[PDB]
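Structure file protein-v6.cif (mmCIF, N, CA and C atoms) follows.
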```cif
data_input
loop_
_atom_site.group_PDB
_atom_site.id
_atom_site.type_symbol
_atom_site.label_atom_id
_atom_site.label_comp_id
_atom_site.auth_asym_id
_atom_site.auth_seq_id
_atom_site.Cartn_x
_atom_site.Cartn_y
_atom_site.Cartn_z
ATOM 1 N N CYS A 1 0.798 -1.256 0.000
ATOM 2 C CA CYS A 1 0.000 0.000 0.000
ATOM 3 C C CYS A 1 0.802 1.262 0.000
ATOM 4 N N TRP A 2 1.970 1.275 0.661
ATOM 5 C CA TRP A 2 2.694 2.512 0.673
ATOM 6 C C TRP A 2 3.087 2.891 -0.717
ATOM 7 N N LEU A 3 3.772 1.970 -1.411
ATOM 8 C CA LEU A 3 4.283 2.240 -2.718
ATOM 9 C C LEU A 3 3.150 2.472 -3.664
ATOM 10 N N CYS A 4 2.050 1.709 -3.515
ATOM 11 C CA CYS A 4 0.967 1.837 -4.444
ATOM 12 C C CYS A 4 0.492 3.240 -4.341
ATOM 13 N N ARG A 5 0.454 3.753 -3.105
ATOM 14 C CA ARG A 5 -0.009 5.083 -2.904
ATOM 15 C C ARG A 5 0.932 6.082 -3.491
ATOM 16 N N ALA A 6 2.259 5.848 -3.382
ATOM 17 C CA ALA A 6 3.168 6.847 -3.861
ATOM 18 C C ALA A 6 2.976 7.018 -5.332
ATOM 19 N N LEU A 7 2.896 5.902 -6.077
ATOM 20 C CA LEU A 7 2.768 5.989 -7.501
ATOM 21 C C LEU A 7 1.448 6.600 -7.827
ATOM 22 N N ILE A 8 0.392 6.185 -7.112
ATOM 23 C CA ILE A 8 -0.930 6.614 -7.458
ATOM 24 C C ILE A 8 -1.039 8.100 -7.303
ATOM 25 N N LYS A 9 -0.448 8.667 -6.238
ATOM 26 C CA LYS A 9 -0.565 10.076 -5.998
ATOM 27 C C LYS A 9 0.068 10.861 -7.097
ATOM 28 N N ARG A 10 1.296 10.489 -7.494
ATOM 29 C CA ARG A 10 2.009 11.258 -8.470
ATOM 30 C C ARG A 10 1.299 11.230 -9.786
ATOM 31 N N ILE A 11 0.797 10.047 -10.165
ATOM 32 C CA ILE A 11 0.191 9.824 -11.441
ATOM 33 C C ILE A 11 -1.050 10.643 -11.590
ATOM 34 N N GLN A 12 -1.760 10.920 -10.477
ATOM 35 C CA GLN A 12 -3.028 11.596 -10.535
ATOM 36 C C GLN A 12 -2.868 12.870 -11.313
ATOM 37 N N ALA A 13 -1.768 13.601 -11.074
ATOM 38 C CA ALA A 13 -1.546 14.857 -11.735
ATOM 39 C C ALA A 13 -1.400 14.643 -13.211
ATOM 40 N N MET A 14 -0.700 13.562 -13.589
ATOM 41 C CA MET A 14 -0.323 13.302 -14.948
ATOM 42 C C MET A 14 -1.474 13.072 -15.885
ATOM 43 N N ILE A 15 -2.527 12.325 -15.500
ATOM 44 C CA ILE A 15 -3.520 12.094 -16.510
ATOM 45 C C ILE A 15 -4.865 12.572 -16.081
ATOM 46 N N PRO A 16 -5.306 13.546 -16.824
ATOM 47 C CA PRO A 16 -6.640 14.053 -16.680
ATOM 48 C C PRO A 16 -7.645 13.075 -17.209
ATOM 49 N N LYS A 17 -7.250 12.240 -18.190
ATOM 50 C CA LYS A 17 -8.188 11.367 -18.840
ATOM 51 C C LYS A 17 -8.672 10.280 -17.936
ATOM 52 N N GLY A 18 -7.773 9.689 -17.126
ATOM 53 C CA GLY A 18 -8.182 8.551 -16.350
ATOM 54 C C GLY A 18 -8.450 9.001 -14.965
ATOM 55 N N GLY A 19 -9.330 8.286 -14.245
ATOM 56 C CA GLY A 19 -9.595 8.738 -12.916
ATOM 57 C C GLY A 19 -9.525 7.577 -11.985
ATOM 58 N N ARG A 20 -8.824 7.783 -10.851
ATOM 59 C CA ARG A 20 -8.728 6.788 -9.825
ATOM 60 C C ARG A 20 -9.241 7.395 -8.574
ATOM 61 N N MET A 21 -10.071 6.622 -7.862
ATOM 62 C CA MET A 21 -10.649 7.076 -6.642
ATOM 63 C C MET A 21 -9.553 6.982 -5.644
ATOM 64 N N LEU A 22 -9.813 7.479 -4.416
ATOM 65 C CA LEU A 22 -8.821 7.580 -3.381
ATOM 66 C C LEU A 22 -7.996 6.341 -3.287
ATOM 67 N N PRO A 23 -6.751 6.682 -3.210
ATOM 68 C CA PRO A 23 -5.651 5.760 -3.281
ATOM 69 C C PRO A 23 -5.737 4.546 -2.410
ATOM 70 N N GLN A 24 -6.233 4.642 -1.165
ATOM 71 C CA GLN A 24 -6.274 3.449 -0.380
ATOM 72 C C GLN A 24 -7.243 2.534 -1.050
ATOM 73 N N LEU A 25 -8.368 3.109 -1.512
ATOM 74 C CA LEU A 25 -9.395 2.345 -2.151
ATOM 75 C C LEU A 25 -8.885 1.764 -3.426
ATOM 76 N N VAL A 26 -8.153 2.555 -4.234
ATOM 77 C CA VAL A 26 -7.737 2.058 -5.509
ATOM 78 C C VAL A 26 -6.860 0.868 -5.329
ATOM 79 N N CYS A 27 -5.957 0.914 -4.340
ATOM 80 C CA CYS A 27 -5.040 -0.178 -4.227
ATOM 81 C C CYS A 27 -5.816 -1.433 -3.928
ATOM 82 N N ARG A 28 -6.862 -1.348 -3.079
ATOM 83 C CA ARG A 28 -7.615 -2.533 -2.766
ATOM 84 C C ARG A 28 -8.350 -3.022 -3.987
ATOM 85 N N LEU A 29 -8.861 -2.091 -4.818
ATOM 86 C CA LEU A 29 -9.675 -2.488 -5.940
ATOM 87 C C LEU A 29 -8.903 -3.415 -6.826
ATOM 88 N N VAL A 30 -7.691 -2.995 -7.221
ATOM 89 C CA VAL A 30 -6.839 -3.822 -8.023
ATOM 90 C C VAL A 30 -6.395 -4.937 -7.138
ATOM 91 N N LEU A 31 -6.463 -4.687 -5.815
ATOM 92 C CA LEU A 31 -6.075 -5.648 -4.825
ATOM 93 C C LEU A 31 -4.594 -5.843 -4.910
ATOM 94 N N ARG A 32 -3.892 -4.845 -5.464
ATOM 95 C CA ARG A 32 -2.464 -4.916 -5.514
ATOM 96 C C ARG A 32 -1.953 -4.904 -4.107
ATOM 97 N N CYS A 33 -2.515 -4.006 -3.273
ATOM 98 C CA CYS A 33 -2.114 -3.892 -1.902
ATOM 99 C C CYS A 33 -2.517 -5.111 -1.143
ATOM 100 N N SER A 34 -3.721 -5.627 -1.441
ATOM 101 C CA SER A 34 -4.263 -6.740 -0.712
ATOM 102 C C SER A 34 -4.718 -6.230 0.651
#
```
Kindly present the structure from the file in structure tokens form.
Amino acid sequence: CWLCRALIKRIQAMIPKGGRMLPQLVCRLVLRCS
């Protein structure tokens, strides 16, 4: 989760086209964080 969050936060700025909901949630969704 830490790393997932780091990447997720930075990326948010980068793409206006795609949208990810709050990072803790996003990591669980992909379940990358588990």
Write out as JSON, numbers by chain each polymer residue whose atoms come within 7 Å of stretch 23-33 of chain A, counting only N, CA and C atoms; drop sequence neighbours fewer than 5 positions from it. {"A": [1, 4, 5, 8, 9]}
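Secondary structure by DSSP on the backbone puts the following residues of chain A in helix (DSSP H, G or I): residues 2, 3, 4, 5, 6, 7, 8, 9, 10, 11, 12, 13, 14, 23, 24, 25, 26, 27, 28, 29 and 30 of chain A.
In this structure, atom N of residue A:3 sits 18.6 Å away from atom N of residue A:15.
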Might I get the box with edges along x, y and z of the file that holds all atoms of stretch 13-21 of chain A listed there, padded by 5 Å on every side, given as centre and edge lengths in Å to one decimal, as lines of an AutoDock Vina configuration file?
```
center_x = -5.5
center_y = 10.7
center_z = -12.2
size_x = 20.3
size_y = 18.2
size_z = 23.2
```
